[PDB]
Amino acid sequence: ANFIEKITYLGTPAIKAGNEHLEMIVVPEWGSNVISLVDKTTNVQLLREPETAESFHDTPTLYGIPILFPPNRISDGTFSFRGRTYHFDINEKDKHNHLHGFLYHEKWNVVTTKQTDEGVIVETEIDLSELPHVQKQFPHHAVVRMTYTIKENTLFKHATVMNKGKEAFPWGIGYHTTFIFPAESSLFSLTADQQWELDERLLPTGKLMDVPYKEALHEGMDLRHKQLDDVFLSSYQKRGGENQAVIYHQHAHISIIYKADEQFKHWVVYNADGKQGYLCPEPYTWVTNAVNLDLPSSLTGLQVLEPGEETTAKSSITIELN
């Protein structure tokens, strides 16, 4: 059995949806952020939720499931594609970067909902051609549609990117998914063997380096004393197997299995100073500053949409009790 229910979340219109296992709340006006995800059998909130509307707007990439299109940093807000130069807003002033794209602070539209014995679906969408300031930076008719499905114990979260315009464009997407993570008693694992060497502006040098603690990382490890803001390379490209981050909550015995498809070639892991009680395992289809790297696309994960084409990038959050 499943349900949809319109609600007000901190004074903004929102949609609660779920079944007997899981319940989400998506907030279309807040960059289509999935702001709440609850495990119903244990009654546990999984995501970092904002105390107030104002605290959300202070840091809208540090709550729920923010959408990063494109993800992370572009040096000087500048890059070229097929001969043409682009200038995105420099919103990270100290490191002189564009950071986190166009969509996490814009209003999306609810395009449909669908309920069957296969689960409950909510779809949201935004058309960048309708955003005049975005068009100044990125004059392309990109349309992004999110399809959220809750079925059994999994939230499926699919992004479909469409080129409805006259020219090709490069694209990447990531999520800044912020889980509650008590440092003392939760464990984290990730399918990664290598990570990208970063400079003081958090920009890749182009070099990869082995993750020294990769065995611990694969198995599940605590993050006490470890401060992360790291760009990991998914091990899937080179080794196969899985592409996923796992969080294990030791008290209620809840496993959160965050899977992503082969397009999600990189994971950024961020836990601030380690004392903020959250963790962001962020799957990205492209590496930070991918647009400015002369490296093969099999590595960077850069993608291009020709006019009239579309691509769906899949990921999912499964909650297991063990």
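Numbering starts at 1 and runs along the sequence shown.
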property	result
Which of 50 to 58 and 262 to 270 has higher mean CA B factor, as the PDB entry lists it	50 to 58
Mean C-alpha temperature factor, higher of 242 to 250 and 204 to 212	204 to 212
Residue with highest C-alpha B-factor in the PDB entry, from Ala192, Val144, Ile90, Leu223	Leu223
From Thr285, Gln45, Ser297, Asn292, residue of greatest CA B-factor	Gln45
B-factor third for the C-alpha atom of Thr311 within its chain	middle
Ranked C-alpha temperature factor of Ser36 among modelled chain residues, by third	lowest
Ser80 - which third its CA temperature factor falls in, relative to the rest of the chain	middle
Where the record places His98 (Cα B-factor, split into thirds across the chain)	lowest
Record-listed C-alpha B factor of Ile4: chain third	middle
